[PDB]
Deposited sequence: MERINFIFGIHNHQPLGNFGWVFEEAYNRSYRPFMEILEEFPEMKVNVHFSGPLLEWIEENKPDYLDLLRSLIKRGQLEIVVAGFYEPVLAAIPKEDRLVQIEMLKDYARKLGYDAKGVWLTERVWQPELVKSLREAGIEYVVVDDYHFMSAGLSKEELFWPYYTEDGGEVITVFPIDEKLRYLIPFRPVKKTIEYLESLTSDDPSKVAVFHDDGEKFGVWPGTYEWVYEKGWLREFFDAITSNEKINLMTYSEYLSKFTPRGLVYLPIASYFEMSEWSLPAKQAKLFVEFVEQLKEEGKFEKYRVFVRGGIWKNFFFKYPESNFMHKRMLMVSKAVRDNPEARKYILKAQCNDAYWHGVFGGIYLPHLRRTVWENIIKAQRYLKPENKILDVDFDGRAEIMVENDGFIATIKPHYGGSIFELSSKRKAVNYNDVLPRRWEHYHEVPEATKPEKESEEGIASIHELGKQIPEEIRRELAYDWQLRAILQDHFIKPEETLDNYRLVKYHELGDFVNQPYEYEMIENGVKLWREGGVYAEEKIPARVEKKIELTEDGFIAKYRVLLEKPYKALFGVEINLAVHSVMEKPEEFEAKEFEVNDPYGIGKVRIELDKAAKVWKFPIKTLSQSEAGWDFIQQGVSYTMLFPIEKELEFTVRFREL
C-alpha cells in the first residue's frame, strides 16, 4: 500500500588524542569512499554528523573533501546533523557547556551551507532535561534508539514514527534508531534490508524506519572495507534503495516538513541496548550477558526483550573511580574557568567522552585518550591562581587535599594510604598518576597461555607514595602479580594529616600483621617543590621484627614497554618521551628498587593483547625497629 519512508544517517567521529594515522585511515577507508559513491547516486539522501575535531582535521588535510560536502548539500543529498563540538556526552557536562558545545558545531555546519536542526546524541545517553538544552541551542530534533522507547513502555510496533517529548514546558522531536537496521546495514546482503523495509509498509503514509550508525562501520571496522567497497555493497545498496517504489528516501528535516510526530511520550535514562551491558559493574554485566544469551537460547528474547534492562552510562563513574575523578576534576575546572574563553576552550576539549568509559574495547583503557583529557583539564586550570583547598572531589564522603604551586597540582587522599592520587605538571600538562589498576572485566575468561601467566588483578588502587610492608624474602614476581604477602595495613587505610607550608604532614597508627599484630606508625612529610615534591618518611615499629618497608610510586609511563626489574639504587631516572617525559627519583639512602609495567587485558579480533597503563616503582628499605629516609620526585 503506502510507501515506507526511510531515513539513512551516519555518525563520523574521532576522539581527540587519536593518532594521526587513525584519522588518515578512517578518511581513506570510510569518509572519502562513502561520499564519492554517494556522489554517484543523485537521488540518495544521507543525514550525516561530523564531530568538530574531525571537521578540523579535514579542513587542514583534506580541504577538497569539504567542497564535495558543500556540493552534495547543495544538490539535496546531505542534511548536516550536529551535537557537542568535541563529542561530549551532553548529560555529563554543565548545561552552560552544552550550549557553547553545540553552537560551535552549528557554526561549522552553517559554514558547509546547512543550518542544522538535528542532533546526534553522543552515545545516545538520554536525560529528560536535555530537552531544555537542545531547545536553547536551536535544535528541533534529536536522534535516539528504539530501545529508549521500549524502555518507556512502548512496543516496537509503535516506534516507526518519531515522537514529541517534553520537559520544562519545552518540547522536542525524537527519532528512534531501528536496532535491526543497525545489524542489517551494511553487514548483511542488500536484499535483507530491502525485504525488511518492504514488509514495513502499511496504510499509514507517515510510517518511517530509521538507520543511523557509525560511519566508520562502512570501511574502517575490521573486514568492512572489503565487504562495503571491494565487494560493492554500498554501490549495490544505493542503487537498490533509490530504485524501489515501496521505499521513500528522505532526510530528517524533510520528514518533519511533511509529517507531524505521532504523539507525546516520556523517556527514561537510557542509551542504545548494547550499552545496558557495559555500564553495569563487571559482576552484574556478566549476569546481564548470561540472561540475554539464555533468552536467545530459548528462542524467546524477541518477544521479551522490551522488558530487559541493564545499567546506565553515568555509572561508569562508579565502575571506574579513575574516570569519576577525571570527570569531577573537569567539572570543577569548567566552573572556575567559565568566563575565560581561551581557558574554557581547553575544558570543552576535555569533555570528549571516549576516555571516560569502556565498552568492548578502548575508551578509558587507552592511555593516549586519557592523557588528552588530563592534558586539557590542566591547561584550562593553569589559567587560575594556585590555591590549596580541602574538599570532597569525587564524592566518596572523605575530603581530598589539593596542594599546588606554580608548576604542579597534587591531589592527596588522606583516607587511602595518605597517597598522592594526582600529580599534574603544569609544564608538561600530564598527570603523573594517569594510570589504571588491573581489574577483572565481565568479558574475561579464549585467553592464550602467553598472556594468562602475565595476568593479575589488583586489590589496591594505584597512586604515588603507597606504603608497603613485605618479607625480606619476598620476590618481585610475587609482587608483580598479586601473590605476595602484604604485612602492613597502610596501603588502603586512612591517615591522619596536618597542613603545613607548601605541603601536608601525614601519619598512621596501624600494624605489621605477620605472626602477630606488631603495631606500627608511618609518618610522611610531603612538600611541593618547584620541580616536583619531596617526602620525608619515618617508619616506626613497637617491637623488633626484620622486614622490608617499601614506598611505591606509580607513573603514567606510556612509551616505555618496560619489563620486571629489580636493582640497587640511590637515585634513578625515567625517560618516557611520548608520555610523562623525563623524571628522576632521588633517595638520601640507597634501596632495593622493584619495577614492573601495569598490564591491562585488551580484546581485539586479533586475539587478546596487553596495554601498559603505567609502571610501578617500589623503593624497598629494610626495617627492624627504626627507619628514616627521604624520597624526591623531580621533573626534568
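**Student:** What are the unmodelled segments when the structure is compared with the full deposited sequence, in sequence order?
**Tutor:** No coordinates exist for the deposited residues in 446-468, so this stretch alone is absent from the model.
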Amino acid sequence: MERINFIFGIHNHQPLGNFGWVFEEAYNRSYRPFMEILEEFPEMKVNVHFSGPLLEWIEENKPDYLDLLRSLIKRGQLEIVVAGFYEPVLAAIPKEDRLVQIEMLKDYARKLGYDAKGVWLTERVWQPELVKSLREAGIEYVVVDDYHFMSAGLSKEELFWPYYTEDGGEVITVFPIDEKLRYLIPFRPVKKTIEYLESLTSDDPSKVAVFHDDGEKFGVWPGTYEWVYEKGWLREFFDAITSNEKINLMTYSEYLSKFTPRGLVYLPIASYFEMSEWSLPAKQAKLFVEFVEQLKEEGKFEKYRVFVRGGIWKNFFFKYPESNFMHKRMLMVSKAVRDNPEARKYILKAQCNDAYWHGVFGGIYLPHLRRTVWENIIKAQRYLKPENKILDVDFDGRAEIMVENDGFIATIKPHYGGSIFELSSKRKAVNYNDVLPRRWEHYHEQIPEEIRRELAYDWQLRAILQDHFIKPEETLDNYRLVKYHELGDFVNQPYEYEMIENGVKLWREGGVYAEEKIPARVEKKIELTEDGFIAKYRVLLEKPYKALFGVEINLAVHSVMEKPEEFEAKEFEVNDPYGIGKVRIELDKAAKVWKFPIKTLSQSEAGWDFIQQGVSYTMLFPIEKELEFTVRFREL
From here on, numbers count along this sequence of modelled residues.
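**Student:** Look over 191-199 and 507-515 in the entry and identify the one with the greater average Cα temperature factor.
**Tutor:** Per the deposited B-factors, the answer is 507-515.
**Student:** Of the two stretches 555-563 and 136-144, which shows the higher Cα B-factor on average in the entry?
**Tutor:** Taking the mean B-factor of the alpha carbons in each, 555-563 is higher.
**Student:** Which has the highest CA B-factor per the PDB entry: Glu498, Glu179, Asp354, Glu103?
**Tutor:** Highest C-alpha B-factor among the listed options: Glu498.
**Student:** Per the coordinate record, which of the options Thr242, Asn340, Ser334, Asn502 holds the highest CA temperature factor?
**Tutor:** Of the options given, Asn502 has the highest CA B-factor in the PDB entry.
**Student:** Could you look up the Cα B-factor of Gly532 in the entry and say which third of the chain it sits in: lowest, middle or highest?
**Tutor:** Middle third of the chain for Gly532's C-alpha B-factor.
**Student:** Going by the recorded CA B-factors, say which third of the chain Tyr27 sits in, lowest, middle or highest.
**Tutor:** Lowest third - that is where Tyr27 ends up once the chain's C-alpha B-factors are sorted.
**Student:** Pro622's Cα B-factor: lowest, middle or highest third of the chain?
**Tutor:** Highest third of the chain for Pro622's C-alpha B-factor.
**Student:** Is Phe8 in the lowest, middle or highest third of its chain when residues are ranked by C-alpha B-factor?
**Tutor:** For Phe8, whose C-alpha B-factor we compare with every modelled residue in the chain, the answer is the lowest third.
**Student:** Thinking about Cα B factors across the chain, which third does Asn405 belong to?
**Tutor:** It belongs to the highest third of the chain when residues are ordered by C-alpha B-factor.
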